Amino acid sequence: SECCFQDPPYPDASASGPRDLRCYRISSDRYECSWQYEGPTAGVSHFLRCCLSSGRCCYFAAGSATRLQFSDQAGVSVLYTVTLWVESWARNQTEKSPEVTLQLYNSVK
Amino acid sequence: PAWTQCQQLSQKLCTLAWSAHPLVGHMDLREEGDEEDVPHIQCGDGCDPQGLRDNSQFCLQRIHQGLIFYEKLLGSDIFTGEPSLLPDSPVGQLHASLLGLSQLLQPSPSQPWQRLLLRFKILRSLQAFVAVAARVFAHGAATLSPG
Amino acid sequence: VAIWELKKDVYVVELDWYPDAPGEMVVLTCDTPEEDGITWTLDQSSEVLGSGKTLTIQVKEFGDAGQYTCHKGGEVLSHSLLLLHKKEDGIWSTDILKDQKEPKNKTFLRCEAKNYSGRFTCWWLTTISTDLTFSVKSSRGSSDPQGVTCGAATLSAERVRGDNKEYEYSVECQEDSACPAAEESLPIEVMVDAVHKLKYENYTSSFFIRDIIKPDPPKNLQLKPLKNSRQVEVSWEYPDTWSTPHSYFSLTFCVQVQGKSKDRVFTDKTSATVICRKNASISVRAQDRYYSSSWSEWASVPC
Amino acid sequence: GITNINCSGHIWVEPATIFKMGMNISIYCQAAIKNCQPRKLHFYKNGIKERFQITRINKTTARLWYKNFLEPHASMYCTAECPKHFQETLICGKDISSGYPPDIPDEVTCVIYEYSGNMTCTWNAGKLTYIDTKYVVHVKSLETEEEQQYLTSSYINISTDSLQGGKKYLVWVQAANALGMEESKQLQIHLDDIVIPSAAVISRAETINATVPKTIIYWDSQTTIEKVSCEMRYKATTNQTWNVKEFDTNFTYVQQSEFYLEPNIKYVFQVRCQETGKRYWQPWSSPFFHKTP
Ligand SMILES: *[C@@H]1O[C@H](CO)[C@@H](O[C@@H]2O[C@H](CO)[C@@H](O[C@@H]3O[C@H](CO)[C@@H](O)[C@H](O)[C@@H]3O)[C@H](O)[C@H]2NC(C)=O)[C@H](O)[C@H]1NC(C)=O
Ligand SMILES: *[C@@H]1O[C@H](CO)[C@@H](O[C@@H]2O[C@H](CO)[C@@H](O)[C@H](O)[C@H]2NC(C)=O)[C@H](O)[C@H]1NC(C)=O
Ligand SMILES: *[C@@H]1O[C@H](CO)[C@@H](O)[C@H](O)[C@H]1NC(C)=O
Ligand SMILES: *[C@@H]1O[C@H](CO)[C@@H](O)[C@H](O)[C@H]1NC(C)=O
Ligand SMILES: *[C@@H]1O[C@H](CO)[C@@H](O)[C@H](O)[C@H]1NC(C)=O
Ligand SMILES: *[C@@H]1O[C@H](CO)[C@@H](O)[C@H](O)[C@H]1NC(C)=O
Ligand SMILES: *[C@@H]1O[C@H](CO)[C@@H](O)[C@H](O)[C@H]1NC(C)=O
């Protein structure tokens, strides 16, 4: 998995959506991100977006999966603070999860 | 002829050498003395199979020097002081088998804790020497003995 | 601490890795004899901040590494590839290779030799398959090193573990002037450079040839009955890959009886007598006779 | 190199490398490898790696703790795991000893066996020391006040030829080991009063078939001393009491002691003698059995 730094294929914009985004450091250089979705999972595509310190922002295409892993060379910085959230496009409009921002390196647990 | 006695006693030596110290390779520790003196079977010392067919005198000159060199150490305080090495212990028999075999060819301070580590170093370095020595005797008794 | 050149126009920068690190500022210079309006373009990047003959960017993440290019007047003068060497609390990173656990912990490089001829094969493991490059160089001794020529690292095996695939790489090396009969004093030094995308790491391993020797399994294993007491005479031969002659490079064998349930005898001869049972299998290993190196693999036959 | 250890660090013990037996001890190992921050630090006791009570207090220093260390000797050495080496890196080692401080020597006694020509001084050393304990015997003349000292590990024979200044002397003993040092009370001697005659031995035991059965005991000694008193003990082995007779014997001739005893019982006989009036006696002779007719 590699972070694409272009725009997601939907317009930016309901109460239903994903929630409870949790990311830790699972290995010496690999990471894992888990979230949950409130609603039917038919046709739902999740996309984990991340913004670096320079202001540049990228996204991960998670597909139908509600869990995504990535290495330390996918474009997401781990030594400095980033901004994470999950966007889901099922039908009609876009759905978002609560915001979670932290330094990924010291998330060892 | 005389090659058979050197072959049988060297066979016992390789048994006694490893029997005295069955430690595996990863157990051996290393110390900051990377830089190099101790007699080794150098390349071209005539101990290869072709060297013995050409002239076995060259290889025995180095093996003889090594057997009296390692014998000099089993007689040193390293192998006699505290902690006492038992004479009938498999390490003790190595001394006499070293001198006896050495005879057939051509008729210092230390503290009790350092000796344990030193004794380990000598035995391992000796094992590689006795190995190649038992090879030239096995080859000699199988090729030059019948004639 | 410092920076060093790996090969032509390829550099590795050492970086202490901890959170909120300042990184290490890096001074890059274009290989231009004279210019007053130099812009800098990193690979594809359209955004261009580079100015002047020298560009300094604060290297503090992988995003600052890659191929930096400086082209004057629409013509490319030279390139420059930057790799990162991750230092973490005084420990060099070891993410590319896998811990082999054999024979002890943290044994990333493992090497075997089928004989004393001076040819050996070192192998490693990794959990990735793409953007991977290895570089192996070796010699005997460090002070006045002797010549050792190594081939190319190639994929040899690919298996499955719990949830991912495990990739096995290997390289063939040959000592230029090998002395099999000699008692080794200076060890063989194997140095492997590894680059995954923009991440660089290096490994090392020291050994004597006599300590990494693992003969090939016995050759032509067969059985034949004995009418007196229905005992079996097992017969085998030395493996072809073993050193020659056999009157000098002797071996010792181990014969055991296994019968689909739950018998070992050692000998220096090339035959032995055992007792067979129902659906039992006889197997034999091999080891150097005068030096306790590694055992060979099993060669088995049914009763 | 090959004939010597090259320590790459140092090791120290608290309270000390030599300590009182049964105490808690802490062994500290500090590494000093040129280009290696150790991943792990191991301890070996008598070549056996230790697995418990080891704490990584410092990235380069480790502490091994023992509760109630009872071994009198032990060879310690510690190593380091270095990332650039497949071998464990030797740090340093040290021999530790355990024992007890010496007691105050008492029961100091100095005698001169007659023809031995030298004076034998002994004492009670006290508790077991387990460690190398040395003893210094001081001899001072009550006349010329000059003091000689003598080192030993057990007891000592001092030649009478070295006892020139007078016949009256003071003797005390000093005991010392790594853990302590003590001194005895002064004992004064008179070289004429501390002589013990040469050994007296029993020869035979004869019984006579006459009016009353006489058990004649033959015994003798080769002593030049004139005034000599002796004692002899005799008991039936079935009995548990000692009967004794005293004699002022003249060893020019073999002595004959006439005893009137009961027939057909086992008996035991022992003798000891001294210069009359002097302080010290002989030890009791070896038991001499004799059944009567
Ligand atoms: C290679 O390195 C690993 C590093 O983890 C070694 O693992 C060691 O495993 C033991 C046993 O799990 C750990 O000690 C014990 O842990 C168990 C719970 O698993 C517990 O019951 C005990 O009280 C004790 O804590 C040990 O901590 C661990 N090593 C380290 C450095 O933490 C492994 O043994 C090494 N060897 C090989 C051949 O892989
Ligand atoms: C001090 O002298 C005495 C004799 O007066 C020694 O006693 C004997 O010495 C001989 C050797 O000369 C030994 O074979 C005996 O075993 C000793 N004991 C006896 C009971 O005869 C004594 O050895 C001398 N002191 C020391 C410390 O040896
Ligand atoms: C191995 O990598 C380290 C990390 O920067 C580097 O300093 C060192 O030079 C490399 N090894 C050698 C033998 O140069
Ligand atoms: C050693 O320490 C333990 C507790 O740490 C204590 O119970 C014991 O009395 C100590 N022994 C000595 C001799 O100090
Ligand atoms: C512990 O390590 C520090 C380095 O951070 C050093 O200054 C200190 O002397 C060490 N202490 C001991 C007891 O070795
Ligand atoms: C005197 O002491 C010495 C000390 O060696 C001893 O050997 C000897 O038996 C003693 N008696 C003599 C010399 O009459
Ligand atoms: C045992 O010895 C005591 C002490 O002299 C003596 O009185 C007693 O009679 C003895 N026993 C016999 C049975 O004679």
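For neighbour counting, all protein chains shown are included, and Cβ atoms are generated from backbone atoms with ideal geometry for every residue, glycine included. Basis: the model, the stated rules and, where named, an outside source; nothing here is a laboratory result.
Restricting to the stretch C:111-137, what's the tally of residues that are buried (at least 16 other Cβ atoms within 10 Å of the Cβ), of a type outside the set (K, R) and either not in a strand (DSSP E or B) or not assigned by CATH to the domain that holds C:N202 (or both)?
Taking the stretch C:111-137 first, the residues buried (at least 16 other Cβ atoms within 10 Å of the Cβ) are C:111, C:113-118, C:120-126, C:132, C:134-136.
Add one more test, that the residue is of a type outside the set (K, R), and what stays is C:111, C:113, C:115-118, C:120-126, C:132, C:134-136.
In the following step, the residues that additionally are either not in a strand (DSSP E or B) or not assigned by CATH to the domain that holds C:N202 (or both) were identified as C:115-118.
Going through the stretch C:111-137 one residue at a time, the tally reaches 4.
Number of residues in the stretch D:220-270 that are in contact with a helix residue (DSSP H, G or I) (Cβ under 9 Å, 6 or more places away or on another chain) and among the polar types (S, T, N, Q) equals 3.
Set side by side, the residues C:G73, C:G66 differ, and just one is more than 16 Å from ligand 4 (Cβ to nearest atom), buried (at least 17 other Cβ atoms within 10 Å of the Cβ) and on the phi > 0 side of the Ramachandran plot, which is C:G66. For the stretch D:17-47, the set of residues classified as aliphatic (A, V, I, L, M) and more than 21 Å from B:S110 (Cα to Cα) consists of D:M21, D:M23, D:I25, D:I27, D:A31, D:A32, D:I33, D:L41, listed by residue number. Restricting the stretch D:158-207 to residues that are within 14 Å of ligand 2 (Cβ to nearest atom) and surrounded by 15 or more Cβ atoms within 10 Å (Cβ to Cβ) leaves a set whose member that is nearest to the chain's Cα centre (by Cα) is D:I158.
Consider the stretch B:32-42. How many of its residues are under 19 Å from D:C36 (Cβ atoms) and either in contact with a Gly (Cβ under 9 Å, 6 or more places away or on another chain) or more than 7 Å from every other protein chain (Cβ to nearest Cβ) (or both)?
Residues in the stretch B:32-42 being under 19 Å from D:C36 (Cβ atoms) and either in contact with a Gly (Cβ under 9 Å, 6 or more places away or on another chain) or more than 7 Å from every other protein chain (Cβ to nearest Cβ) (or both): 3 in total.
Counting only helices (runs of 4 or more DSSP H) that sit completely within the stretch B:32-146, those holding 2 or more residues that are of a type in the set (G, A, S) correspond to B:90-105, B:112-143. Every condition in (1) under 30 Å from C:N202 (Cβ atoms); (2) in contact with a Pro (Cβ under 8 Å, 6 or more places away or on another chain); (3) among the small types (G, A, S); (4) facing chain B (nearest Cβ under 9 Å) is met by D:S8 except one, and the failing one is (2).
Tell me the residue from D:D193, D:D161, D:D220, D:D132 that is within 14 Å of chain B (Cβ to nearest Cβ) and more than 16 Å from ligand 3 (Cβ to nearest atom), please.
On the way: D:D193 fails: within 14 Å of chain B (Cβ to nearest Cβ); D:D161 fails: within 14 Å of chain B (Cβ to nearest Cβ); D:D220 fails: within 14 Å of chain B (Cβ to nearest Cβ).
Result of the check over D:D193, D:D161, D:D220, D:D132: D:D132.
Can you work out which of the residues in the stretch D:16-31 that are of a type outside the set (S, T, N, Q) and closer than 14 Å to D:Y100 by Cα is farthest from ligand 7 (Cβ to nearest atom)? Restricting to residues being of a type outside the set (S, T, N, Q) and closer than 14 Å to D:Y100 by Cα, the top hit is D:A16. Among the residues of the stretch B:71-81, is there at least one that is within 13 Å of chain C (Cβ to nearest Cβ) and either closer than 17 Å to D:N4 by Cα or under 15 Å from the mean Cα position of the chain (by Cα) (or both)? No - not one qualifying residue is present in the stretch B:71-81. For the stretch D:112-128, a residue qualifies if it is surrounded by fewer than 18 Cβ atoms within 10 Å (Cβ to Cβ) and farther than 30 Å from D:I11 by Cβ, and the qualifying residues are D:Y113, D:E114, D:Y115, D:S116, D:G117, D:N118, D:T120, D:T122, D:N124, D:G126. Condition check for B:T15 on (1) within 13 Å of chain C (Cβ to nearest Cβ); (2) closer than 30 Å to C:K104 by Cβ; (3) in contact with a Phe, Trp or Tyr (Cβ under 9 Å, 6 or more places away or on another chain): one failure, at (3). Looking across the stretch C:260-300 at every residue that is among the aliphatic types (A, V, I, L, M) and farther than 14 Å from C:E237 by Cα, the one that is surrounded by the fewest Cβ atoms within 10 Å (Cβ to Cβ) is identified as C:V265.
Would you point out which residue out of D:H10, D:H73, D:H42 is surrounded by 13 or more Cβ atoms within 10 Å (Cβ to Cβ) and within 16 Å of ligand 1 (Cβ to nearest atom)? Quick ask: steps written out before the conclusion?
Values: D:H10 fails: within 16 Å of ligand 1 (Cβ to nearest atom); D:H73 fails: within 16 Å of ligand 1 (Cβ to nearest atom).
One residue alone meets the criteria, D:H42.
Residues in the stretch C:142-156: is at least one within 14 Å of chain B (Cβ to nearest Cβ), more than 12 Å from C:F120 (Cβ to Cβ), part of a strand (DSSP E or B) and in contact with a strand residue (DSSP E or B) (Cβ under 9 Å, 6 or more places away or on another chain)? Checking the stretch C:142-156: at least one residue is within 14 Å of chain B (Cβ to nearest Cβ), more than 12 Å from C:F120 (Cβ to Cβ), part of a strand (DSSP E or B) and in contact with a strand residue (DSSP E or B) (Cβ under 9 Å, 6 or more places away or on another chain). I need a count of the residues in the stretch D:211-245 that are away from ligand 7 (no atom under 12 Å from the Cβ), more than 24 Å from D:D193 (Cα to Cα) and of a type in the set (S, T, N, Q). Summing the residues that are away from ligand 7 (no atom under 12 Å from the Cβ), more than 24 Å from D:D193 (Cα to Cα) and of a type in the set (S, T, N, Q) in the stretch D:211-245 gives 2.
Condition check ((1) within 12 Å of chain B (Cβ to nearest Cβ); (2) more than 16 Å from ligand 1 (Cβ to nearest atom); (3) surrounded by 20 or more Cβ atoms within 10 Å (Cβ to Cβ)) across all residues:
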| position | (1), (2), (3) |
| --- | --- |
| D:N35 | yes, yes, no |
| D:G47 | yes, yes, no |
| D:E88 | yes, no, yes |
| D:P101 | no, yes, no |
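The residue that is surrounded by the most Cβ atoms within 10 Å (Cβ to Cβ), counting only those in the stretch D:254-280 that are touching a strand residue (DSSP E or B) at 6+ places or on another chain (Cβ under 7 Å), farther than 21 Å from D:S203 by Cα and not aromatic (F, W, Y), is D:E275. Can you confirm whether the stretch A:29-40 contains a residue that is within 11 Å of chain C (Cβ to nearest Cβ) and surrounded by fewer than 18 Cβ atoms within 10 Å (Cβ to Cβ)? Yes: one or more hits. When the stretch C:250-259 is limited to residues that are part of a strand (DSSP E or B) and within 14 Å of another protein chain (Cβ to nearest Cβ), the one that is surrounded by the most Cβ atoms within 10 Å (Cβ to Cβ) turns out to be C:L251. For the stretch C:187-211, give me each residue that is within 18 Å of C:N115 (Cα to Cα), of a type in the set (A, V, I, L, M, F, W, C) and within 9 Å of another protein chain (Cβ to nearest Cβ). Within the stretch C:187-211, C:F207, C:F208 meet the criteria.
Need at least 1 residues that are of a type in the set (S, T, Y) and more than 11 Å from chain C (Cβ to nearest Cβ) per element, so show me which strands (runs of 3 or more DSSP E) inside the stretch A:41-103 make the cut, counting only ones lying wholly within it.
Values: elements: A:45-51, A:57-63, A:67-71, A:82-89, A:94-96, A:100-102.
The qualifying strands (runs of 3 or more DSSP E) are A:45-51, A:57-63, A:82-89, A:94-96, A:100-102.
Pairs are defined by a Cβ separation below 6 Å, a sequence spacing of at least 6 or placement on different chains, a first member in the stretch D:37-54 that is on the phi > 0 side of the Ramachandran plot, and a second member that is in a strand (DSSP E or B); the pairs so defined are D:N46/D:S75; D:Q53/D:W65.
Residues that are buried (at least 19 other Cβ atoms within 10 Å of the Cβ) and either aliphatic (A, V, I, L, M) or in the same structural domain as C:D16 (by CATH) (or both) within the stretch C:197-209 comprise just one, C:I209.
The set of residues in the stretch D:164-204 that are touching a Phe, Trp or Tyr at 6+ places or on another chain (Cβ under 7 Å), over 25 Å from D:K134 (Cα atoms) and not in a loop (DSSP other than H, G, I, E, B) comprises D:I196, D:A200, D:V201, D:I202, D:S203, D:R204.
Looking only at the stretch D:129-156, which residues are in contact with a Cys (Cβ under 8 Å, 6 or more places away or on another chain) and either among the charged types (D, E, K, R) or exposed (fewer than 15 other Cβ atoms within 10 Å of the Cβ) (or both)?
Hit for the stretch D:129-156 is D:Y155, nothing else.
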